[PDB]
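*Asks:* Residue numbers (this note's numbering), protein chains in the order written: chain A, 186 to 639; chain B, -3 to 153; chain C, 19 to 123; chain D, 19 to 123. Here it is: the structure, laid out below.
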Amino acid sequence: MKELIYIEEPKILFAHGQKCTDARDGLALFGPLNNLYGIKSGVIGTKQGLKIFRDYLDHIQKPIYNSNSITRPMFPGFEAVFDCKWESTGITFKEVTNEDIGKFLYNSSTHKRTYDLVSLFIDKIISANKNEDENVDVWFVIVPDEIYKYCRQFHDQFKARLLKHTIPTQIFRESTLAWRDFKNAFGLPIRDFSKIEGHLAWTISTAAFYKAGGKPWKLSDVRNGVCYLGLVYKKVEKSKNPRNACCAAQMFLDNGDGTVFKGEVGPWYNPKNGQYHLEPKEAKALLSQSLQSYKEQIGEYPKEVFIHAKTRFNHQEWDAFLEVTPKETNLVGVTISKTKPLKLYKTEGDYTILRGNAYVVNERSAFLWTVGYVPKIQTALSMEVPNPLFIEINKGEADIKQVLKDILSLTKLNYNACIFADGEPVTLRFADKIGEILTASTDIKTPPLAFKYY
Amino acid sequence: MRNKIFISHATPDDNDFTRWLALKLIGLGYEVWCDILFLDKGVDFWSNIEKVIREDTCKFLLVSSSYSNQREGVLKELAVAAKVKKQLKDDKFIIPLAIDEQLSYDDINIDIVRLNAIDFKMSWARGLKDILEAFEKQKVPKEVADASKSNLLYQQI
Amino acid sequence: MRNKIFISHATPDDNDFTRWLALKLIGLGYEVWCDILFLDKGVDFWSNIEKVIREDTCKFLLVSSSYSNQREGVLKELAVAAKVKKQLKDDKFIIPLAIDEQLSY
Amino acid sequence: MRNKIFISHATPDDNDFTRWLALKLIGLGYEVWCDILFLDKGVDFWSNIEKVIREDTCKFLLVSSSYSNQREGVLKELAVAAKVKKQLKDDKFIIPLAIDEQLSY
């Protein structure tokens, strides 16, 4: 016999201060935090890609429907949701001929074809950015199903080679926008969207609205004076050594008034393979940069720093963290894992365990079903029995209930997608994203620090 | 004083649009009467429906679509709306809203075949702006807008 | 197939002429649909009238007068008849019949 | 008294020029009427435009183009305007405005 404590769902704040539990419903009912006047779109690709993007942009102007409007709310239309014009008349096309694609695609090397294709694409984008009169907010790179299939490497290099110029860009596949006609040789559409189409529109519109300077929502219930750091480790395959560990961090504070989420980055390196620990110099540098980033924006030091991670810190780096911080800030460190397969079955045999259940092992460990059953949409976030996150307070002193509440809150602010909630806190996921991008090209000085470039 | 905007649709096919529009107009300080907010049910409504049409309804918005074209309840609603419009002698009482794209303008029902509709075929926001401009030009009664009412109504129902 | 001849008028003011004309046309072998000959009554007619116009009518005789000019029912029938005329691509569908002398052109 | 200038055009093809002209005339002090701005949402619009032509229209600024040459609504407004003109016997009542060079004279 064991006990399960329940943690309630947090609220995400929409326009005119209206709390809600779902992003889709809150946006379809209240609207985003800030209003853009419109989205000016630059399109890179062939003529067929331009036509496909034009027709899809016209298509998402009208309301779209899902099969069952409880599991997935319908899409009213882009303007009805975001109060912004994103039309096919603002398209600034830059034609790319098919022979151009072929004359680098049809080589024998694997890295060189990706290098050349990304080079041509980014050179066209940079030329259009430097010496054209028009102002383009987001560049929509439509690719055919003949590059990404044989370029895996394309996406990471593409995003890494635009970092010094800071052009927000979104990559699309011609099958994603033209799934209806892009079937196989048998005629079966390999990317059936007929029953999800509205959710596809939701995710695409939210990503586009985010990359153009719009804030779709935020967190309403979070305490001031606290900051969170999601630290992830990545392997540099192209370095001198076959593996070279690199630490990348994503920062989340509240703000002087609300919702700052930037990410202090610049990969801190560890040469020895298999050691996912930061050397004392690296730890001091990372913590100092994070503290300055918080302080220069707020004016005062935080009252609590909450270094999330996927691994366990050792004594050297935690001591180093303790040296570079003043005597008021309380420092905690929590390691989140997924290697404990506690698949809590249900006795009714109809649906999975409710999302928000925690088995508190002791005062310094717990489980959390961040992915489970959410009743508002009558379905679970998974298909099989979900695996819970095993949250342990590796270092410091803190309340495990507050830890679980904060992780559940952090499971909401995912702007790359419009879903009910994520499975892992967004600090870890976004730090993983930008650390994966930053290591694509090992020549980068002072990265932008903003997620819309990644 | 008549201060209620009545909405008539074809349940269950026109629920997405009517939920969206009713919550939008509630959030804009209007007082929307449609059968889907009062879905708690258990009480007969036909007498109540005719009573609210004849006593407090000031504008009869009609969701014109390929489903609500021949629905018997909507036809009775249009009959009572025509009667009360003739009683009030208000030319601008009934407002059709064209929503279905496959409903051709040549197959529209006889009772609204002559009135100037509001078009939602292309955009819902364009049609909503048309609705709001028409309401403010026709001096439809309203109080200060508040999204809290839409929030609590959506939560309750 | 369409063979009926819809006679639209204002009731009960153009009843003498419409009675005379409907009886004359019925005696001449034309299938005529008009309200005054369907005065048995008992059922709603608006949907029935619209269906008759859209389905079986082959000519839409309109009795123009100082009565049936701005009569709302006559106007609705006229609008539906115009839609049906556009549908059938028949220019000679609506055939007005001027009756009264005090209605100038 | 008649103080409204009616504009009759094809919809929505000639809406840009119609909007420009209407805004220009309004900005100078002349009261205008076209379906773009002064038509309400649910009016029995045919009767409303007919009443506007027959009661308040002092000028009829038709917009002639390859689109509004055979547009039925414009033709009907033209016929009502011709009747109004022969009522007041003002020859400068109807004014065509030629904008399309693809419409030969």
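For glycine and all other residues, C-beta sits at the position ideal for the given N, C-alpha and C.
1. Please report the straight-line C-alpha distance between C:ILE71 and B:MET(-3), rounded to a whole angstrom.
2. Measuring straight from C-alpha to C-alpha, what distance separates A:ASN314 and A:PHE278?
3. Could you confirm whether any beta carbon from chain B is found closer than 9 Å to the beta carbon of D:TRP51?
4. Is there a Cβ of chain B sitting closer than 9 Å to that of A:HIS201, yes or no?
5. I need the straight-line Cα distance from D:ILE23 to B:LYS135, nearest angstrom please.
6. In the structure shown, what three-state DSSP assignment does A:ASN455 receive?
7. DSSP three-state call for residue 141 of chain D: helix, strand or coil?
8. Does DSSP classify A:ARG298 as helix, strand or coil?
9. Less than 6 Å between C-beta atoms, sequence neighbours within five positions excluded: which residues of the same chain meet that for A:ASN455?
10. Taking 7 Å as the limit between beta carbons, can you name the residues of its chain near A:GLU548, skipping five residues before and five after?
11. Since A:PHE394 contacts A:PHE343 with CB under 8 Å, what's their CB separation in whole angstroms?
12. Is A:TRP324 buried or exposed, if buried means 16 or more other CB atoms sit within 10 Å of its CB?
13. Per DSSP, A:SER550 is paired with what?
14. Under the assumption that B:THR53 contacts B:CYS30 (Cβ atoms under 8 Å), give the Cβ distance between them as a whole number of angstroms.
15. State yes or no: is the C-beta of A:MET436 within less than 9 Å of the C-beta of A:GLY448?
16. The alpha helix (DSSP H) with A:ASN283 in it runs from where to where?
17. Exposed or buried, what is A:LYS618 when buried is set at 16 or more other beta-carbons lying within 10 Å of its beta-carbon?
18. How many whole angstroms separate the CB atoms of A:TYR418 and A:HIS493, which I take to be in contact at a CB cut-off of 8 Å?
19. What is the DSSP secondary structure of B:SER146, counted as helix, strand or coil?
20. Report the rounded CA-to-CA distance for A:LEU235 versus A:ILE622, giving the unit in angstroms.
21. Pick from A:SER304, A:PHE267 and A:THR295: whose alpha carbon is nearest that of A:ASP285?
22. Give me, in chain order, the residues of the same chain whose beta-carbon lies closer than 6 Å to that of D:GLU49; leave out the 5 immediate sequence neighbours on both sides.
23. Check the Cβ of D:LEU41 against every Cβ in chain B and list those closer than 9 Å, keeping chain order.
24. May I ask which residues mark the beginning and end of the beta strand (DSSP E) holding residue 159 of chain A?
25. Tell me the rounded alpha-carbon separation between A:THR612 and B:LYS72.
26. If A:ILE327 and A:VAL228 are in contact, beta carbons under 8 Å, what's the gap, nearest whole angstrom?
27. Using only CA atoms, which one of A:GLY399, A:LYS495, A:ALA370 and A:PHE357 lies nearest to A:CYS269?
28. List, in order along the chain, the chain C residues whose C-beta lies closer than 8 Å to that of B:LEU71?
29. May I have a chain-ordered list of the alpha helix (DSSP H) segments no shorter than 4 residues that lie completely inside the region 57 to 98 of chain B?
30. Does the contact criterion of 3 or more C-beta pairs under 8 Å hold for the region 112 to 129 of chain B versus the region 239 to 248 of chain A?
31. When Cβ atoms are compared, which residues of the region 378 to 409 of chain A fall closer than 7 Å to chain B?
32. CB A:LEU463 to CB A:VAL509, shorter than 9 Å?
33. For A:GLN501 and A:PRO465, what's the separation of their Cα atoms in angstroms?
34. B:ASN(-1) CB to nearest chain C CB: under 9 Å?
35. Taking Cβ positions, are residue 148 of chain A and A:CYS603 nearer each other than 9 Å?
36. Can you give the Cα-Cα distance for B:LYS138 and B:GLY25, rounded to whole angstroms?
*Replies:* Checking against the coordinates, here is how it stands:
1. As a working note, residue 71 of chain C is residue 53 in the third sequence. As a working note, residue -3 of chain B is residue 1 in the second sequence. Here the C-alpha atom of C:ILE71 lies approximately 40 Å from the C-alpha atom of B:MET(-3).
2. By one-based count along the first sequence, residue 314 of chain A stands at place 129. By one-based count along the first sequence, residue 278 of chain A stands at place 93. A:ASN314 and A:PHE278: Cα-Cα distance of roughly 12 Å.
3. In the fourth sequence, counting from the first residue as 1, residue 51 of chain D sits at position 33. Chain B, which has no Cβ nearer than 9 Å to the Cβ of D:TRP51, makes this no.
4. The sequence position of residue 201 of chain A within the first sequence is 16, counting from 1. The beta-carbon of A:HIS201 is placed less than 9 Å from the nearest beta-carbon of chain B.
5. Sequence index remark: in the fourth sequence, residue 23 of chain D carries index 5 (1-based). Sequence index remark: in the second sequence, residue 135 of chain B carries index 139 (1-based). Near 25 Å, if we compare the C-alpha coordinates of B:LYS135 and D:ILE23.
6. Looking up residue 455 of chain A in the first sequence gives position 270. Of the three classes helix, strand and coil, the one that applies to A:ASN455 here is strand, per DSSP.
7. Shown here, chain D extends from 19 to 123; a query on residue 141 of chain D therefore has no answer.
8. Stepping through the first sequence from its first residue, residue 298 of chain A is reached at position 113. Annotated three-state conformation of A:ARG298 is helix, per DSSP.
9. Residue mapping note: residue 455 of chain A aligns to position 270 of the first sequence, counting from 1. Within the same chain, A:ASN455 has close Cβ partners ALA430.
10. In the first sequence, the residue the question calls residue 548 of chain A occupies position 363. Hits under 7 Å: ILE585.
11. Counting from one through the first sequence, the residue named residue 394 of chain A turns up at place 209. Counting from one through the first sequence, the residue named residue 343 of chain A turns up at place 158. Not quite, the Cβ-Cβ distance comes to about 21 Å (not below 8 Å), so this is no contact.
12. The residue you call residue 324 of chain A lines up with position 139 of the first sequence. With 16 or more other CB atoms across the displayed protein chains lying within 10 angstroms of its CB, A:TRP324 is buried.
13. For the purposes of this step, residue 550 of chain A is taken as the residue at position 365 of the first sequence. Among the bridge pairs identified by DSSP, A:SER550 is matched with A:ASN547.
14. Walking along the second sequence from the start, residue 53 of chain B turns up at place 57. Walking along the second sequence from the start, residue 30 of chain B turns up at place 34. About 11 Å separates the two Cβ atoms, so there is no contact after all.
15. Within the first sequence, residue 436 of chain A is the residue found at index 251, counting from 1. Within the first sequence, residue 448 of chain A is the residue found at index 263, counting from 1. Taking 9 Å as the Cβ cut-off, A:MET436 and A:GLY448 qualify as a contacting pair.
16. Counted from its first residue, the first sequence places residue 283 of chain A at position 98. The continuous alpha helix (DSSP H) containing A:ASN283 extends over residues 283 to 290.
17. Numbered from its first residue, the first sequence carries residue 618 of chain A at position 433. Under this definition A:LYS618 is a buried residue.
18. Position 233 of the first sequence, counting from 1, holds the residue named residue 418 of chain A. Position 308 of the first sequence, counting from 1, holds the residue named residue 493 of chain A. Between A:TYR418 and A:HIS493 the beta-carbon gap is near 13 Å, outside 8 Å, which marks them as no contact.
19. Sequence index remark: in the second sequence, residue 146 of chain B carries index 150 (1-based). Taken through DSSP and simplified to helix, strand or coil, B:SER146 comes out as helix.
20. Position 50 of the first sequence, counted from the first residue, corresponds to residue 235 of chain A. Position 437 of the first sequence, counted from the first residue, corresponds to residue 622 of chain A. If you take the alpha carbons of A:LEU235 and A:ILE622, they lie about 27 Å apart.
21. To locate residue 285 of chain A, count along the first sequence from 1; it is residue 100. The option with the nearest alpha carbon to A:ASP285 is A:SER304.
22. Taking the fourth sequence and counting its residues from 1, one reaches residue 49 of chain D at position 31. For D:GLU49, where only same-chain residues beyond five positions count, the Cβ hits under 6 Å are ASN21 and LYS22.
23. Counting from one through the fourth sequence, the residue named residue 41 of chain D turns up at place 23. Against chain B, a Cβ distance below 9 Å from D:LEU41 picks out nothing, because the smallest value is about 17 Å.
24. Any question about residue 159 of chain A goes unanswered here, given that chain A covers just 186 to 639.
25. To locate residue 612 of chain A, count along the first sequence from 1; it is residue 427. To locate residue 72 of chain B, count along the second sequence from 1; it is residue 76. When rounded, the distance between both Cα atoms is 57 Å.
26. One-based indexing of the first sequence puts residue 327 of chain A at position 142. One-based indexing of the first sequence puts residue 228 of chain A at position 43. Contact flag correct, Cβ pair sits at about 6 Å.
27. Position 84 of the first sequence, counted from the first residue, corresponds to residue 269 of chain A. The residue with the shortest Cα to Cα distance from A:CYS269 is A:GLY399.
28. On the second sequence, position 75 is the one that residue 71 of chain B refers to. Those within 8 Å of B:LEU71 in chain C are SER65.
29. Qualifying alpha helix (DSSP H) stretches, in chain order: 68 to 84.
30. At 8 Å Cβ cutoff, the stretches touch.
31. Hits within the stretch: zero.
32. As a working mapping, residue 463 of chain A is identified with position 278 in the first sequence. As a working mapping, residue 509 of chain A is identified with position 324 in the first sequence. Not in contact: A:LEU463 and A:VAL509 (Cβ atoms no closer than 9 Å).
33. As a working note, residue 501 of chain A is residue 316 in the first sequence. As a working note, residue 465 of chain A is residue 280 in the first sequence. Roughly 7 Å separates the two Cα atoms.
34. By 1-based counting over the second sequence, the position of residue -1 of chain B is 3. Taking Cβ atoms only, chain C never reaches closer than 9 Å to B:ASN(-1), which makes this a no.
35. Any answer about residue 148 of chain A is impossible in this case: the structure gives chain A only from 186 up to 639.
36. Within the second sequence, numbered from 1, the residue matching residue 138 of chain B stands at position 142. Within the second sequence, numbered from 1, the residue matching residue 25 of chain B stands at position 29. C-alpha of B:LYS138 to C-alpha of B:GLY25: approximately 6 Å in a straight line.
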